[PDB]
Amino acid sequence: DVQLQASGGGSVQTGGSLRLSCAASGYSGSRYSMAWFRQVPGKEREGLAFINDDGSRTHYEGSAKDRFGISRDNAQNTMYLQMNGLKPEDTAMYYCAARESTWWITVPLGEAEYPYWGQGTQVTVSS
């Protein structure tokens, strides 16, 4: 019984920043490992950024390595994606996902590794 709520999307100018949040509700004693995925128009949904239970490991896909940051606040069961230097090509539907098992050696990259998803949040970047 895990529920995820993604928020923080909207319209932003090219060059700007946006922070997305994903809040998990689980009464259990697990700090879920979590991820952001996005689907840009015309493309398959793809992994973007990944964080384990305590934020001791992160992984970024593509230019998120240079521009984006993922973090989490385990005192309020929320993770964040800070996107800086946004470009029109970052216009997409953004999704967060969660799984019970943590990780260290191997990043769980596939969608199938995450049983729990939230509804997407649209980000639109315009010059």
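Position 1 is the first residue in the sequence shown; the rest follow in order.
- Annotation for 92-100 versus 24-32: the higher mean temperature factor (C-alpha) is found in 24-32.
- In this entry, 82-90 has the higher mean Cα B-factor, the comparison being between 55-63 and 82-90.
- As recorded in the entry, 9 carries the highest CA temperature factor of 115, 118, 108, 9.
- Among all modelled residues in this chain, the alpha-carbon of residue 69 has a temperature factor (C-alpha) in the lowest third.
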